Amino acid sequence: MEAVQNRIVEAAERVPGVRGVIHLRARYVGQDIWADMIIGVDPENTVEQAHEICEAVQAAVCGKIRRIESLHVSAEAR
Amino acid sequence: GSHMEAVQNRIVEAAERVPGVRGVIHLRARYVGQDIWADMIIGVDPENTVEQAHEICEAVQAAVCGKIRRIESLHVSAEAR
């Protein structure tokens, strides 16, 4: 499952605001994926702003990788 | 159980008296052998920086982990409130 994580990470890295993927845990349950992602972000963004980035990553990542059934994202400094 | 309820009321109470914290939003704590692994989420001013939020978080960690020594691991994170 490493083209997929690669897919996910890349979908992540392209979203406006995302400084990098700090961490990903993705598992298959059947053929769906469930995953939890920690993105890196600009430390001078706000908590509000960082949350808006997390949302964006989620829509984008779940949109591009359709087999993901459930995805959580959080944000941290760079 | 009631001892874990006691320990949690203590985790909340330590974290809640760090300036910066607008509340405990969530707290999971469980024994892994004889120590606690907890993961918690603190409420913070939305207009705080990420860098700042992390400073509140790190400081909650220090307070909680120093007052409750049972705890071998604690991960703190901020969200708005």
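As deposited, the entry is annotated with X-ray crystallography as its determination method and 2.8500 Å as its resolution.

Let us look at the overall build of chain B. The number of helices and strands found in chain B is 2 helices and 3 strands. Overall, chain B shows an N-to-C arrangement of helices and strands of α-β-β-α-β. Radius of gyration (C-alpha) of chain B: 12 Å, near the 12 Å computed for a compact globule of 81 residues. Expressed as lengths along the three principal axes of its C-alpha atoms, the size of chain B is roughly 40 × 20 × 15 Å. Buried positions account for 38% of the 81 residues belonging to chain B. A separation threshold of at least 6 residues defines the contact pool for chain B, and within that pool the share at least 24 residues apart is 57%.

Looking now at the UniProt feature "binding site: Fe cation 3" in chain B. The UniProt feature table records "binding site: Fe cation 3" at B:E79. Examined against the element boundaries, B:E79 turns out to sit in strand β3 (residues 71-80). In contact with B:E79, not counting residues within four places along its chain, are A:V47, B:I25, B:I41, B:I42, B:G43 and B:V44.

Residue and element names in this part refer to chain B. Taken in spatial order, the 3 strands line up as β1-β2-β3 in an open sheet, and their pairing is mixed. Strands with a single pairing partner mark the edges of an open sheet, and in this sheet they are β1 (21-32) and β3. Going across the sheet, the axis of each strand differs from the next one's by a mean of 15°, ignoring polarity. Where β1 meets strand β2 (residues 35-44), 10 bridges bridge the pair, whose relative direction is antiparallel.

About the criteria used
Counting starts from 1 on each chain and goes along its sequence as written, which need not follow the entry numbering; residues with no coordinates are hidden. By the order in which they are written, chains take letters starting at A while ligands take numbers starting at 1. By convention in this description, side-chain values take in all heavy atoms of the structure and omit both hydrogens and water. What counts as a helix is a DSSP run of H or I of at least four residues, what counts as a strand is a run of E of at least two, and both are numbered from the N terminus. Based on C-alpha atoms, the radius of gyration is set beside the globule rule, defined as 2.2 Å times the residue count to the power 0.38. Only protein chains enter the accessibility calculation, which uses a 1.4 Å probe; a residue is then buried when its area is under 20% of its type maximum, exposed when over 50%, and partly exposed in between. A contact between two residues is defined here by any heavy atoms of the two lying within 4.5 Å. UniProt positions are given in the numbering used here, feature names are shortened, and annotations may be inferred rather than shown by experiment. A pair of strands is treated as paired once DSSP finds two or more bridges between them. Here an angle of 0 to 180 degrees is reported between the N-to-C directions of two axes, which are lines fitted to C-alpha atoms, with helices fitted over the stretch in contact.

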